[PDB]
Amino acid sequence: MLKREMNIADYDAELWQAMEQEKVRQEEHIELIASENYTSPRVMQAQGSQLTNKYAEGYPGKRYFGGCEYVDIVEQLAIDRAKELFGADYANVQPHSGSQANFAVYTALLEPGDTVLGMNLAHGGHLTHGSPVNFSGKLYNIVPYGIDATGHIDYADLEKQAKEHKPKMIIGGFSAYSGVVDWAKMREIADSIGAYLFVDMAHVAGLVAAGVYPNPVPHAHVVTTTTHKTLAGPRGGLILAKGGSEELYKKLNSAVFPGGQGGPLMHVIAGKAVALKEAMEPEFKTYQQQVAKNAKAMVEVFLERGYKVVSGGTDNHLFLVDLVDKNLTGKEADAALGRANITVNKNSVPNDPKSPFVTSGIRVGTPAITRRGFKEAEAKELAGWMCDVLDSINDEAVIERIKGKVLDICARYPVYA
């Protein structure tokens, strides 16, 4: 008879202290990591439910364990909302993460060794888009594609590569690209060589949901996304599709299970279901608008201050700052901004002379501060403080000054009130 009153605080102080500190860090820090956000207490409530106890392999109605009557309802809710929010006729809510959702798509449509056309990591592509240190690069033959000297994808060259290499699948998506991708144009290219157009919209799923970024669902054979980025939900993966055949969806369901996973996390899926409902609110649509809007405001300031912004601008929630001409490593910038309570993340840039762990740039995202209340005014001011730090990266007095400024604004905009 476990007691509902059994808590962590009085049982494990070590773990407890660390947790509480993270709770405060999230309040005293300006999070500018593009892939992060602040999920609602409703999503956390779900994740902390008793649904963590149930084993439910299979799908609603076709499980491999008994007693799945209510978890079946839960999973169905997540599936239906997912389809309605994105306009798909197929959705799989069991992938444990973005990597897992992507892994499923690979194993369901390709054979080890097949050729895949994906966006290079330094140019903005994700690890699972063909990186040699990831399963994508080890199990398949990858042909990369990057961006112009203008900072955008050259669909003319992409087409050439496609025609010359005849890839079995073309991957559209990114982790660090600030432009707008022409989904329809990539589908055209895929169709000309009979390839699959697989789009990973993890980073822009939220913006797409609000209608602030082109929806790829109606142009790709298969789409994947995480639920924890701009979508602002729990950490998890999701597979979506529209206009596919019974077979394709059967393959996709098999790829997830028993293909690459065991039992799903019913408590996390409950959270996905509630987050997908929150993404349906009108306030959610104006929220994404502020996100893109704030992103543009920070870019202006960075350019006015003499900083190189890859692609010259932004059409989404993020942007890259190339620090090569400033003789700074992303690792240095990241660490300096951190001491001022401004959290970003070192990021490789196109033609980066440094390795992924060091990099010559930093990636910035507005989803967190926007969800926190910030607007153009606050964002322009924050961008400014950032450049102040970068400008005098060795001046502890400058960093000190800024630190107090952020602690001050962080207090007026509590994350969880």
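Note that residue numbering begins at 1 and tracks the sequence as displayed.
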Legend entry - 89-97 versus 138-146 - greater average Cα B-factor per the deposited record: 138-146
Inset, instruction - Please work out which of 321-329 and 258-266 has the higher mean CA B-factor as recorded in the PDB entry. - result: 321-329
Inset, instruction - By the entry's C-alpha temperature factors, tell me which of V217, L238, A232, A202 sits highest. - result: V217
Inset, instruction - Tell me, please, which of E28, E57, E36, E378 has the highest C-alpha B factor according to the deposited entry? - result: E28
Inset, instruction - Using the B-factors in the PDB entry, rank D334's C-alpha atom against the chain and give the third, lowest, middle or highest. - result: lowest
Inset, instruction - Just say lowest, middle or highest third for the CA B-factor of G206 relative to the other modelled residues in its chain. - result: lowest
Inset, instruction - Within this chain's modelled residues, let me know which third the CA B factor of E22 belongs to: lowest, middle or highest. - result: middle
Legend entry - Relative C-alpha B-factor of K285, binned into the chain's lowest, middle or highest third: middle
Inset, instruction - Please rank the C-alpha B-factors of the chain's modelled residues and tell me whether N253 sits in the lowest, middle or highest third. - result: lowest
